[PDB]
Amino acid sequence: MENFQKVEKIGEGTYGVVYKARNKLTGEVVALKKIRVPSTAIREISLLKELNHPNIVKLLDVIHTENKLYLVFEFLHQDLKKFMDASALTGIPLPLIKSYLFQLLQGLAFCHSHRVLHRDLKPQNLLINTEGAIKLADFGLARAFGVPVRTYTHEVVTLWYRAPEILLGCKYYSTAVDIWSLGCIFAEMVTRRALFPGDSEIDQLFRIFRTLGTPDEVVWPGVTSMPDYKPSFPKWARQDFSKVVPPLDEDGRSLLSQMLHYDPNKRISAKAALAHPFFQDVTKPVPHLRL
Ligand SMILES: NS(=O)(=O)c1ccc(Nc2cc(N[C@H]3CC[C@H](N)CC3)nc3ncnn23)cc1
């Protein structure tokens, strides 16, 4: 900690406070995160140091001293949430939406290939620079520490991007949870409105159910026997997708639809999404960032 000088509080996370800081010795500018420790967390966080990729915010160092826990990450200047807000009036241009999606699928394809999931993708852990890069933050941390309802500051954690298998009490998460979340974020970038903004687990389930039809054994084998499934769930009809994310084009709707399949095994993998025709004309535009 004392090897660093706190420049400014650049937010709070689930796991503790996040500071912009500078390495007193090297002068490197970093993101310093103090975590709220057990040996598994240590070995898990250390595995994460190796898991390096241009679309994953780099874990520079893991400091376990004074029996306390700090994570030094590569520093980025903006998240996608703030960028989206800055962009409200005309929205992010589709090329830039496409490039962002393409890059994140690249990061997911990487980590998923090492069996590492995020479990908690949301616009606030997607970080952008002025090179036109976007990066996943806090990758792997959820399996390292443990996902809570309220943050240390009692901030309610968002359910907006949570995959239906989790909401339904599935104990065992596959990589498909991240595709689902990414799909939600994809839709949000296009419409300028969150896809499923639930404010409770049942409200979240039921917003998904309303848009996508109440899942049954036809589309989702084994759904009825899931821990929090209840026959008493209301039965909604799937809506049109042309109604869900206009004015996104055929390719995009085609892609989004596969990222939002109910059955996690039928959900498109990151790997396969990269090969989807939507990405045929992909480019890497530079955003206008006001820092
Ligand atoms: N609000 S903002 O757009 O000006 C902004 C967003 C992010 C950061 N930088 C940042 C912020 C951040 N904090 C987030 C991390 C995810 C967590 N769920 C919420 C805090 N972690 C980071 N890792 C590397 N950079 N970085 C700085 C400004």
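So for chain A, numbering is Swiss-Prot's, and the shown residues are 1-36, 44-298, in order.
Recorded method for this deposit: X-ray crystallography, 2.3 Å.
Cβ atoms here come from the backbone N, Cα and C positions, even for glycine.
As annotated by Swiss-Prot, active site, proton acceptor applies to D127. Look at Swiss-Prot and you will find 10-18, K33, 81-83, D86, 129-132, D145 tagged as ATP binding site. The Mg(2+) binding site annotation in Swiss-Prot covers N132, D145. If you look up Swiss-Prot, you'll see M1 marked as N-acetylmethionine. Among the features that Swiss-Prot reports, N6-acetyllysine is placed at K6. The annotation phosphothreonine is assigned in Swiss-Prot to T14, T160. According to Swiss-Prot, the feature phosphotyrosine maps to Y15, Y19. The site 'CDK7 binding' annotation in Swiss-Prot covers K9, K88, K89, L166.
Structural mapping of features recorded in Swiss-Prot.
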residue	record	DSSP (3 states)
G13	ATP binding site	coil
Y19	phosphotyrosine	strand
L83	ATP binding site	coil
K88	site 'CDK7 binding'	helix
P130	ATP binding site	helix
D145	ATP binding site	coil
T160	phosphothreonine	coil
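In the deposited model, 7 residues go unmodelled between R36 and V44, whose Cα atoms sit 9 Å apart.
Checking each of the recorded positions (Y19, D127, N132, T160) against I10 (ATP binding site), the C-alpha distance stays within 10 Å for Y19. When the recorded positions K9, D127, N132 are compared by Cα distance to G16 (ATP binding site), the shortest distance belongs to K9. The distance from the Cα of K88 (site 'CDK7 binding') to the Cα of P130 (ATP binding site) comes to 5 Å. If you measure from the Cα atom of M1 (N-acetylmethionine) to that of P130 (ATP binding site), you get 28 Å.
Restricting the recorded positions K33, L83, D127, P130, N132, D145 to those with a CA within 10 Å of the CA of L166 (site 'CDK7 binding') leaves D127, listed by sequence position.
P130 (ATP binding site) sits 9 Å from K89 (site 'CDK7 binding'), taking the CA atoms of both as reference points. Look at the residue listed as 'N6-acetyllysine': DSSP puts it in a strand.
Taking only the Cα positions, the spacing between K89 (site 'CDK7 binding') and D127 (active site, proton acceptor) is 18 angstrom. Here the recorded sites are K9, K88, and the one whose Cβ sees the fewest other Cβ atoms within 10 Å is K9.
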